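Enquirer: Right, I'll just put the structure down here and ask away after.
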Amino acid sequence: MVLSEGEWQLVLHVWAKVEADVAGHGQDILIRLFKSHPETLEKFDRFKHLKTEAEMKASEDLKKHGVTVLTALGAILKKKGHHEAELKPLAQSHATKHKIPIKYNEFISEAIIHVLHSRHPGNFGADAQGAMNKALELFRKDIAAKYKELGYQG
Ligand code: HEM
């Protein structure tokens, strides 16, 4: 798939707001993911022990990882489709080291959309959400194809 330039501008316009507070958005998104789909928490040996939302909110390590996640994702989106080089090491570690099934990428995509909708309603109308969804679908499709190449797929 290909996004038009107008769709990329909608994506990067709301991302510019996210970047005003990377740590806060990273926290909100990962907590959303873990609450909504507790099974994903099990993949993080680092965080598996966190029992409540309050414990998650107080973990500086979780907040650090959320910054890491959003920085990597932002670098990818800013490539506007030309993200082959950035995707390869990400696919390799998630497929081979962390053993993350493809389905869980849909779950974090959902959490990203939820959080932007909650924090940026004026910049995240129907069209901007449609564009962000397309951008994340593009990402998931490309990462899934890499998984298959690397010998995981799934
Ligand atoms: C938007 C999708 C995602 C991005 C951009 C992302 C990015 C990253 C980055 C940059 C790292 C650190 C370096 C590396 O190991 O590659 C990482 C580590 C990791 N990610 Fe992801 N990730 C994503 C989705 C997920 C999902 C869906 C899960 C699990 C449900 C996951 C599980 C992990 C784990 C277990 C680690 C290692 C944490 C540790 O240091 O112990 N990732 N991720």
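Numbering starts fresh at 1 for the residues of each chain in the structure tokens, the chains themselves are lettered A, B, ... in the order given, and ligands are numbered from 1 as they appear.
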Can you tell me, as JSON, numbers by chain, what residues are no more than 12 Å from range 40-46 of chain A when counting only C-alpha atoms, ignoring any on the same chain fewer than 4 positions away?

Expert: {"A": [30, 31, 32, 33, 34, 35, 36, 50, 51, 52, 56, 59, 60, 61, 62, 64, 65, 94, 97, 98, 99, 100, 101, 102, 103, 104, 105, 106, 107, 108]}

Enquirer: Restricting it to N, CA, C and O atoms, dump the selection as a short mmCIF file (atom, residue, chain, number, x, y, z; two decimals), in the first residue's frame.

Expert:
```cif
data_model
loop_
_atom_site.label_atom_id
_atom_site.label_comp_id
_atom_site.auth_asym_id
_atom_site.auth_seq_id
_atom_site.Cartn_x
_atom_site.Cartn_y
_atom_site.Cartn_z
N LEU A 30 1.64 2.11 26.61
CA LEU A 30 1.99 0.78 27.11
C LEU A 30 1.05 0.32 28.23
O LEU A 30 0.77 -0.89 28.34
N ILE A 31 0.58 1.23 29.05
CA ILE A 31 -0.33 0.87 30.14
C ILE A 31 -1.66 0.46 29.53
O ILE A 31 -2.28 -0.54 29.91
N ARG A 32 -2.11 1.23 28.55
CA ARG A 32 -3.30 0.90 27.77
C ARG A 32 -3.18 -0.50 27.17
O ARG A 32 -4.10 -1.31 27.28
N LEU A 33 -2.04 -0.79 26.56
CA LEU A 33 -1.86 -2.12 25.97
C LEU A 33 -1.95 -3.24 27.01
O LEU A 33 -2.60 -4.28 26.86
N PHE A 34 -1.24 -3.06 28.12
CA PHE A 34 -1.20 -4.08 29.16
C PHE A 34 -2.53 -4.28 29.87
O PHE A 34 -2.83 -5.42 30.24
N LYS A 35 -3.30 -3.22 30.06
CA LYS A 35 -4.62 -3.32 30.67
C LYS A 35 -5.62 -4.00 29.74
O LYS A 35 -6.37 -4.86 30.14
N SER A 36 -5.61 -3.58 28.48
CA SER A 36 -6.52 -4.08 27.47
C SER A 36 -6.21 -5.52 27.06
O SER A 36 -7.12 -6.30 26.75
N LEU A 50 4.50 -6.48 37.40
CA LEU A 50 3.66 -5.32 37.72
C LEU A 50 2.20 -5.77 37.78
O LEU A 50 1.69 -6.34 36.82
N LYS A 51 1.57 -5.53 38.93
CA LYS A 51 0.24 -6.06 39.21
C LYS A 51 -0.90 -5.09 38.95
O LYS A 51 -2.00 -5.53 38.61
N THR A 52 -0.65 -3.81 39.16
CA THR A 52 -1.66 -2.77 39.06
C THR A 52 -1.19 -1.61 38.19
O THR A 52 0.00 -1.42 37.99
N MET A 56 2.40 0.24 37.47
CA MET A 56 2.92 0.60 36.14
C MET A 56 3.26 2.07 36.01
O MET A 56 4.29 2.48 35.48
N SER A 59 6.65 2.90 37.66
CA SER A 59 7.87 2.27 37.19
C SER A 59 8.62 3.18 36.23
O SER A 59 8.13 3.49 35.14
N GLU A 60 9.81 3.63 36.61
CA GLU A 60 10.60 4.50 35.74
C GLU A 60 11.15 3.69 34.57
O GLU A 60 11.42 4.18 33.48
N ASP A 61 11.31 2.39 34.76
CA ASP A 61 11.77 1.52 33.70
C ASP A 61 10.73 1.38 32.59
O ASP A 61 11.10 1.37 31.43
N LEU A 62 9.46 1.27 33.00
CA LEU A 62 8.41 1.21 31.98
C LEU A 62 8.39 2.53 31.21
O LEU A 62 8.25 2.53 29.99
N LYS A 64 10.81 4.52 30.66
CA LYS A 64 11.97 4.57 29.78
C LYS A 64 11.73 3.76 28.52
O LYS A 64 12.05 4.16 27.40
N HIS A 65 11.12 2.59 28.66
CA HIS A 65 10.90 1.73 27.51
C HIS A 65 9.90 2.35 26.55
O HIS A 65 10.02 2.22 25.33
N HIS A 94 12.32 -8.71 17.33
CA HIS A 94 10.98 -9.08 17.80
C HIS A 94 10.61 -10.49 17.37
O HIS A 94 9.87 -11.19 18.08
N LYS A 97 14.43 -12.87 19.04
CA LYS A 97 14.79 -12.75 20.45
C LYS A 97 13.55 -12.71 21.33
O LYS A 97 13.38 -13.55 22.22
N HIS A 98 12.66 -11.73 21.11
CA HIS A 98 11.51 -11.56 21.99
C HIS A 98 10.34 -12.46 21.68
O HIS A 98 9.48 -12.64 22.55
N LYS A 99 10.26 -12.99 20.47
CA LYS A 99 9.24 -13.98 20.13
C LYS A 99 7.84 -13.39 20.20
O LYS A 99 6.93 -13.93 20.81
N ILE A 100 7.66 -12.22 19.60
CA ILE A 100 6.40 -11.51 19.63
C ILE A 100 5.51 -11.87 18.46
O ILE A 100 5.85 -11.56 17.32
N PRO A 101 4.37 -12.51 18.69
CA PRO A 101 3.48 -12.82 17.56
C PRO A 101 2.94 -11.55 16.91
O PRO A 101 2.72 -10.54 17.56
N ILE A 102 2.73 -11.62 15.60
CA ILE A 102 2.28 -10.51 14.78
C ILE A 102 0.99 -9.85 15.29
O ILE A 102 0.84 -8.63 15.21
N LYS A 103 0.09 -10.65 15.82
CA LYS A 103 -1.19 -10.22 16.37
C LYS A 103 -1.00 -9.17 17.45
O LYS A 103 -1.85 -8.28 17.61
N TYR A 104 0.12 -9.24 18.18
CA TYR A 104 0.28 -8.27 19.26
C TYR A 104 0.59 -6.86 18.74
O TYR A 104 0.39 -5.90 19.48
N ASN A 105 1.06 -6.77 17.50
CA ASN A 105 1.29 -5.50 16.85
C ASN A 105 -0.04 -4.81 16.57
O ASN A 105 -0.14 -3.59 16.56
N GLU A 106 -1.07 -5.63 16.36
CA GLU A 106 -2.38 -4.98 16.15
C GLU A 106 -2.86 -4.38 17.46
O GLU A 106 -3.48 -3.33 17.54
N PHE A 107 -2.57 -5.08 18.55
CA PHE A 107 -2.97 -4.63 19.86
C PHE A 107 -2.28 -3.30 20.19
O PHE A 107 -2.95 -2.41 20.73
N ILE A 108 -0.99 -3.12 19.90
CA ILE A 108 -0.34 -1.86 20.29
C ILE A 108 -0.84 -0.74 19.37
O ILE A 108 -0.90 0.42 19.76
#
```

Enquirer: State, in Å with one decimal place, the distance from atom 20 (N, counted along the ligand's line) of ligand 1 to CA of residue 71 in chain A.

Expert: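 Computed distance, atom 20 (N, counted along the ligand's line) of ligand 1 to CA of residue 71 in chain A, equals 12.7 Å.
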
Enquirer: For residue 28 in chain A, work out the shell of residues within 9 Å, counting only C-alpha atoms and skipping chain neighbours fewer than 6 positions away, then give it as a list in words.

Expert: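 Using only C-alpha atoms, the neighbours found are residues 57, 66, 111, 112 and 115 of chain A.
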
Enquirer: Using only C-alpha atoms, which residues sit within 9 Å of residue 11 in chain A once same-chain residues fewer than 5 positions away are excluded, as a list in words?

Expert: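 Residues near the query, excluding close chain neighbours: residues 6, 16, 77, 128, 129, 131, 132 and 135 of chain A.
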